[PDB]
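Asks: Here is my input; please provide its structure:
(chains A, B and C)
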Amino acid sequence: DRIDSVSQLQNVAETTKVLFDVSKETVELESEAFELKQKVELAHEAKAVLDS
Amino acid sequence: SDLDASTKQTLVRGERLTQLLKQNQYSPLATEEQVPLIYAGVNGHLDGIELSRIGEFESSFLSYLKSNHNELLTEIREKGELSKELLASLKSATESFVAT
Amino acid sequence: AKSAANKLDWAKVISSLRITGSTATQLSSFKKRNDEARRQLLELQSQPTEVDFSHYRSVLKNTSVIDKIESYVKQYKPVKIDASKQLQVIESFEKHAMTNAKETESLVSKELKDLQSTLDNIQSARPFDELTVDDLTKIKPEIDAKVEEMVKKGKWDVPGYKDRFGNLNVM
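Replies: Residues are numbered from 1 along each chain as shown, chains lettered A, B, ... in the order given. And now the structure:
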């Protein structure tokens, strides 16, 4: 029974560290995307005023 | 009155499937998107999904599919025929979404 | 790219199912998914950044606003700077994480082989027929300790001896 618990934990220890890195890394890229959003926004507004 | 387990299973699926049919007026879904949703219920993935979360399941499932592999959807978009590989891949992928 | 991140993530969700912990895992998963999905909706939301003055300054007669917004868009065409800058503080979290990772890994590796040894040890050493009870005293002084305290106490009742061995009462 004890062996069963242990075997799970071995594989976990490495692979979980991968996810740890991965999650924060994606979030960083997504931060940079906000600057893109601002490009989208200003242009949309400009077309609208001009249409009026 | 009393419902046999065969009948009950159909009812549970049926009621939930009917929920799935419904759409928000004046906002239609893409053709590509309709294929997995129908896949899910038919292949019995939505059998277990509790009734309350069906709306969540739909949006989340679609977001999941795109994020995990919009490659599958691109394939089904062009092929327009669900290959055995795609069918299995989709079964696997849908099951993956069910888990989450 | 992002699909790699998610493949390892969801593999880890169903792995994390099989180990203890999930208290703040789901909140982390929710957060990376949230902004990633926000960015996907962004990336589909994006229309060209530019006023199409090809036709729209070729139909406006209430002019002198097309040049204004042309200049406003092309002015702020440099939008505010990139948000890559967390990689020292992000790296630090990874250090802390690494410390913990290595601790778990080395511990369980040690324990696994210890348990293999323990199973083997039970099979080849164990008085599974019989052995001298003096040898049991030799392998554990706990025997003599409990006996001595009972002899000192004067109790000859052994608590629960009669509920997991007989007592052969003739009364």
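Asks: Run through the residues that contact the one residue in chain B that gets nearest to chain A.
Replies: As assessed by Cβ to the nearest Cβ, chain A sits closest to residue B:67 within chain B, at 10.6 Å. For the C-beta atoms, the positions are set from N, CA and C on the backbone; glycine is no exception. Residue B:67 is in contact with C:2-3, C:6, C:33, C:36-37, C:40, counting by Cβ atoms under 8 Å, 6 or more residues apart in numbering or on different chains.
Asks: Name only those of the residues you listed that count as buried.
Replies: The neighbour-count test (16 or more other Cβ atoms under 10 Å in any protein chain shown) applied to the contacts of residue B:67 identifies C:2, C:6, C:33, C:36-37, C:40 as buried.
Asks: out of the contacts of residue B:67, who's nearest residue B:94?
Replies: The closest of those to residue B:94 turns out to be residue C:6 (Cβ to Cβ; 15.0 Å).
Asks: Three-state assignment for the residue of chain C positioned farthest from its centre, please.
Replies: For chain C, the largest distance from the centre (Cα atoms, centre = their mean) belongs to residue C:61, which lies 63.8 Å off. With DSSP: H, G, I helix; E, B strand; the rest coil as the basis, residue C:61 sits in coil.
Asks: and it, how far is that from residue B:83?
Replies: Counting by Cβ to Cβ, to the nearest Å, the gap between residue C:61 and residue B:83 amounts to 57 Å.
Asks: Using CSV, write out every CA atom in stretch A:26-35.
Replies: In CSV, the C-alpha atoms belonging to stretch A:26-35 read as follows (Å, rounded to 0.1, in the frame of the first residue of the first chain):
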residue,chain,number,x,y,z
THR,A,26,2.2,31.7,-20.7
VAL,A,27,0.9,34.5,-18.4
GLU,A,28,4.0,36.7,-19.4
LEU,A,29,3.2,36.3,-23.1
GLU,A,30,-0.4,37.3,-22.4
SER,A,31,0.7,40.5,-20.6
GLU,A,32,2.4,41.6,-23.9
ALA,A,33,-0.9,40.9,-25.7
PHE,A,34,-2.5,43.8,-23.8
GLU,A,35,-0.4,46.2,-25.8
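Asks: Now tell me what touches that stretch from outside.
Replies: Here stretch A:26-35 makes contact (Cβ under 8 Å, 6+ apart) with C:2, C:5, C:31-32, C:35-36, C:38-39, C:42-43, C:79-84, C:86-87, C:90.
Asks: tell me which element the residue of chain A found nearest chain B is part of?
Replies: The shortest separation between chain A and chain B is 10.6 Å, found at residue A:26 (distances taken as Cβ to the nearest Cβ). Using DSSP states H and E, the element containing residue A:26 is helix A:2-51.
Asks: how far is that helix from where the chain is centred?
Replies: Centroid separation between helix A:2-51 and its chain, computed with Cα atoms, centre = their mean, to the nearest Å, is 0 Å.
Asks: hang on, the earlier thing: and the residue of chain A closest to chain B, how many neighbours?
Replies: Residue neighbour count, defined by other Cβ atoms under 10 Å in any protein chain shown, stands at 22 for residue A:26.
Asks: tell me the two of the buried ones among the contacts of residue B:67 that are most distant?
Replies: Using Cβ to Cβ, those span at most 11.2 Å, a distance reached by C:6 and C:40.
Asks: Now residue B:46: closest residue in space, sequence neighbours ignored.
Replies: Spatial nearest neighbour of residue B:46, excluding adjacent residues (Cβ to Cβ, 6 or more residues apart in numbering or on different chains): residue B:40 at 5.0 Å.
Asks: Among the contacts of stretch A:26-35, the buried ones, what's the ChimeraX command?
Replies: Restricted to buried positions by 16+ other Cβ under 10 Å, the ChimeraX selection for the contacts of stretch A:26-35 reads:
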select /C:2,5,32,35,36,39,42,79
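Asks: Give the members of the contacts of stretch A:26-35 that are also in contact with chain B.
Replies: Among the contacts of stretch A:26-35, the residues lying close to chain B (Cβ under 8 Å from any Cβ of the partner chain) are C:2, C:36.
Asks: what about residue B:13, neighbour count?
Replies: Other residues within reach of residue B:13 by the criterion other Cβ under 10 Å amount to 16.
Asks: and residue 5, how many neighbours?
Replies: The chain I'm using is chain A. Counted with other Cβ under 10 Å, the neighbours of residue A:5 add up to 15.
Asks: other chain: chain B
Replies: Around residue B:5 sit 7 other residues, with neighbours defined as other Cβ under 10 Å.
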